[PDB]
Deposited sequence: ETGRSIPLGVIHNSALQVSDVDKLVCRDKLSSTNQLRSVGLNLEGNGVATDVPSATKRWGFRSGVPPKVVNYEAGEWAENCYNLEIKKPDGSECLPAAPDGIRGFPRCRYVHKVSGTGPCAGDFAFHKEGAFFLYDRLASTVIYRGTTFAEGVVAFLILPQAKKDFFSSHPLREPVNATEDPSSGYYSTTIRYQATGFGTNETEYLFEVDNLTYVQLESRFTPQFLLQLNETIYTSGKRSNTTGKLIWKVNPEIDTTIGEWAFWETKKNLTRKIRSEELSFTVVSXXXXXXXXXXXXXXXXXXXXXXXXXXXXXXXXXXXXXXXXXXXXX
């Protein structure tokens, strides 16, 4: 039986299917609610290297979609454009009527390649991919989602929105040896580490632009940050030298 949340004795409880409480009152279907909660709020790591390891490809399992009426503003959302090395798409197009998650402070847009050894990409921990009031078991191509879970409630009787896209390139997506690059421009990249926060990437991107450290040839410039540099606990609580042109920031 799908649990149903109810408020008793100033506390949230799961309603017991066996015992009937006559003083509980449901005078309208408006008292019933489906809600989506982000894994973010439970303290999971939200960096792209950590987040993508929670997803995997699998065949033989039909995708399933369930609706939810209200959700939570997300700090981190994800948007995937993954192909196989042969150029074929790894993810299906978003079905009719499935739009991106509506509130994302940072959209981590990952483009790249991987083996993609399965028809659909699922959440390895059984969570859902939250879209616009539709929760799916699988990832759709180029469609912004937040990781999350769904609850059902019976309620008692009755800064704007800013979003910033952070672009990544990836190889070996969905495996042990996945490599990630933060994208400054089409020719300037930064080797990605799991400890980099969104705010650090955007500031590192700004200094690279204003220090003039972009590629000024036709070749690819890949910067690397050495461990010395720190980065800035949950979200709610420099010298450049050049050594495909690799380089170091210290």
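Open item on the list: Comparing the deposited sequence with the modelled residues, which stretches have no C-alpha coordinates?
Closed with: In sequence order, the gaps with no modelled C-alpha are 1-4, 163-183, 258-260, 266-278, 285, 293-330.
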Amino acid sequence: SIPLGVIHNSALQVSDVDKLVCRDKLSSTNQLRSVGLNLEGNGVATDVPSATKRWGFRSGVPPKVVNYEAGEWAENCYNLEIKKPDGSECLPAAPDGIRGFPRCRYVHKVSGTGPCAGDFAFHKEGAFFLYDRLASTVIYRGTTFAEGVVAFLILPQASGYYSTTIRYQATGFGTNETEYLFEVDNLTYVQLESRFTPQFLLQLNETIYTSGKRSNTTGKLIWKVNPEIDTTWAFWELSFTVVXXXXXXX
From here on, numbers count along this sequence of modelled residues.
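Rigid core (definition): largest C-alpha set, two forms, superposition within 1.5 Å.
- [ ] Any chance you could tell me whether 178-186 or 219-227 drifts more in 7 other deposited structures of this protein, judged by RMS CA distance from this form after superposing on the core?
- [x] This comes out as 219-227, the stretch further from the shown form in 7 other deposited structures of this protein.
Open item on the list: Does the comparison with other entries of this protein show residue 6 left unmodelled in at least a third of them?
Closed with: It is not, since residue 6 is included in all of the other entries that model both flanking stretches.
Open item on the list: I'd like to know whether residue 241, which is modelled here, goes unmodelled in a third or more of the other compared entries that cover its flanking residues.
Closed with: Result for residue 241: often missing, at least a third of the compared entries.
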